[PDB]
Each structure stands twice: as C-alpha cells, then as structure tokens.
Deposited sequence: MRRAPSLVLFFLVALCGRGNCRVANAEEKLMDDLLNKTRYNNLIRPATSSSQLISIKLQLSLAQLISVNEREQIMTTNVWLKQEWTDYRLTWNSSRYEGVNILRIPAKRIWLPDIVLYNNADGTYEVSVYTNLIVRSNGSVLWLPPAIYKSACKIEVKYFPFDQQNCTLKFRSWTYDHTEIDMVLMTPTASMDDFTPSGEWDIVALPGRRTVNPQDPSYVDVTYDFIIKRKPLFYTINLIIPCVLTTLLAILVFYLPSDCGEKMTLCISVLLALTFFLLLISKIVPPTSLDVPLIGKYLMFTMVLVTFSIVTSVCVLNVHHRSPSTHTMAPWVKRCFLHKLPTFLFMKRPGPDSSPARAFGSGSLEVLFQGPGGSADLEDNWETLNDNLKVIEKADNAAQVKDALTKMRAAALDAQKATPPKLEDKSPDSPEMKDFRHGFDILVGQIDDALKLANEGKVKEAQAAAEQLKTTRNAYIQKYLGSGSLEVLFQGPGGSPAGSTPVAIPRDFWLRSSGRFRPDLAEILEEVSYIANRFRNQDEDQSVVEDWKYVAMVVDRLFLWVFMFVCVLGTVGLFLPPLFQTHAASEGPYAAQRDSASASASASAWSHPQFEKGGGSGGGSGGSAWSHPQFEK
C-alpha cells in the first residue's frame, strides 16, 4: 500500500535474503566494520571490587550488497527501518566483563539506506574490570579500559576500524565525584597472531579531593598533633596513660576506616596508610617511656638509692643542654632536742625525694625532642 511494506516484501522474501551468511562477495575479502563509541554518563567507579560501570552508545557501520533496491521503482522511500535482528550482524561485544556472561546487547532497529549501507546504534550499560591503583589516595588518577572483540568471527574475515581516534562525549551529563581527562581509542593487532584484532578505549579519570580532604585528612592531622602532647604533663595529675590510650584508639579507628575503601591486594599501600602505622609505632614507644617515667618519679630514699652516675648525669650535665635551670632544765633540753633532731632528718628525706622528681622531668624533656625530631624527619620520607 504505502510501498514501505512492499519494499520489505520484495527485498527480504521472494529473493530469500539470508541472515546467517556473511555478505562476503567472494573469498579473501574482508568486511569493513567501523566503530565509534559515545559516552553518555559515568555511573560510578568501584574500588573495593575494581569494577567501573558506564552508560555508552556503540555506533556500528558496514555494507551488505544484498540490501539494494531501485529508488525509482518504489516511489520515494530512500531509507527503510529493518527491525531487530532479521539481517546479518557482526556480533561485537565487550570482552572484559564483570559477571563474565559475554552477553549481547538488546536489539532495537537498523536504519538501512538504499546503497546497502547499514547503521546501528544500540544503547548499553557496561560493567568492565579495572585495575584501581591506590597510592596517592585521595588524589589519585586512574585508567580503566574497554575491549571489543567479535564473538563469532575473527581476523581474515572482518577488519575492525576506528572512525575517530577520540571517543565522542556529546549528550554527556557530568559527575560530581570523578573528572574526565581524555578518551583515546586504540586498535591492537599482532603481526604474528593471524586472528587477533580489537579496539580499546581508555578512560583517564581524575578524582575530586573535597569529600576526603575535609573528612579524613584533617582529623588525622589533628589527632597526630594531639599525640605529640603527652610529654608536656606534670606527671602528678594521675592521667598520663589515659591520653596515650585514647590517642591510640582514635588512630586505630581511623586506620580501620581506611581499609574499607582500599582493595585488599598485596602490591602497594596508600601514602596515608603508612603514616598511620608510623604514628602507631611512635605512640606505643611513647607509652613505654611514659610508664618508665612514672616509675622513676615515685621513688623515695626508703626504697631506692641514687647511684652517683645518675646524679652526675641528670642533675648537672643534661639540664644545661636542654636549657633548664633550677635536772628539770636538763630534762626539758633532752625532750626538746629530739623534736629538732626529728625535723632535721625529715628535711633531708624531702630533699632526696624532690631530687627524684627533677630526674623524671629531665628524662621527660629529653624524649620530647627525640620523638619530635623523629616525627618530622621520619615523615619527610613519606611526603
């Protein structure tokens, strides 16, 4: 009636078009499938499982000599819309998949022109497999790729061609989590392998460091600066170990948070995942030295005696380097003499006790410089 059904009735049947035979006119002639990817939206990039999901369109073109009709025999109708399948199709699918089913995309329509040309453009959602590298988190830049190979044919039968080196980015709504740098496309062939041909599109994506530079990096710095503070305490308050244990617990919490956003591989560890371990080691050593200082501070002459070397070293030498500077009448006389002599011995005990407290202050100040010197020099090796 409208000649659009008559075109089909004269082109597909009667002449018996076949959808199982390649349109190769003869032998030793390859098909010329073209390709042009077009991005539409980057859904998300996953790091725990190393999976990248996208929403792309895959335009394809080739030529079939069987689909040719006279444009004057049928009034008008230069273009006809053959529906899903019903013609030959080079089965080109994404190779590296997540589930591994190598599943084809749904078929919509093939706009077939008069001169044998066939255009296709199916929409698809792909979940490829990436190789997420976490060493500058959260300032890293990644590179995940897609590979397209024919599911049935091979080389010496088809010739995959890239229509444009770059991938089209039209109708692309952007992402507030990842950036886009470049979308190059390559065609890999092996001179020795006679059946290898594919096209690879590389995705170079830069991360935006604002949801982590305000959520994870700042509190770690604050907690480290807290970790420094232990040695500036009077040691009489009775709350020295509480600060150390609290700092250790906070650092453990922050370390356990990070290990949920990082792949459990064994190749490299983030530059922020080693600073925490360094700080843990330093805090444990601070705990040990705080226990030693607390033990030293509580000594009295009735339990321990001070060796001459301890006095000579820690009361004269070290503080200079650390810049620290400090018958009835006879019976009455007999009774009174004991009271004054009792006080004389008491004042000597207090002098010795107050010397054990200054030793515990020189020891404490010595480790404030040692730990701080290590905490900076040892960190500059991590940047």
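*Asks:* Where does the structure fail to cover the deposited sequence at the C-alpha level?
*Replies:* No C-alpha for residues 1 to 23, 350 to 518, 576 to 633.
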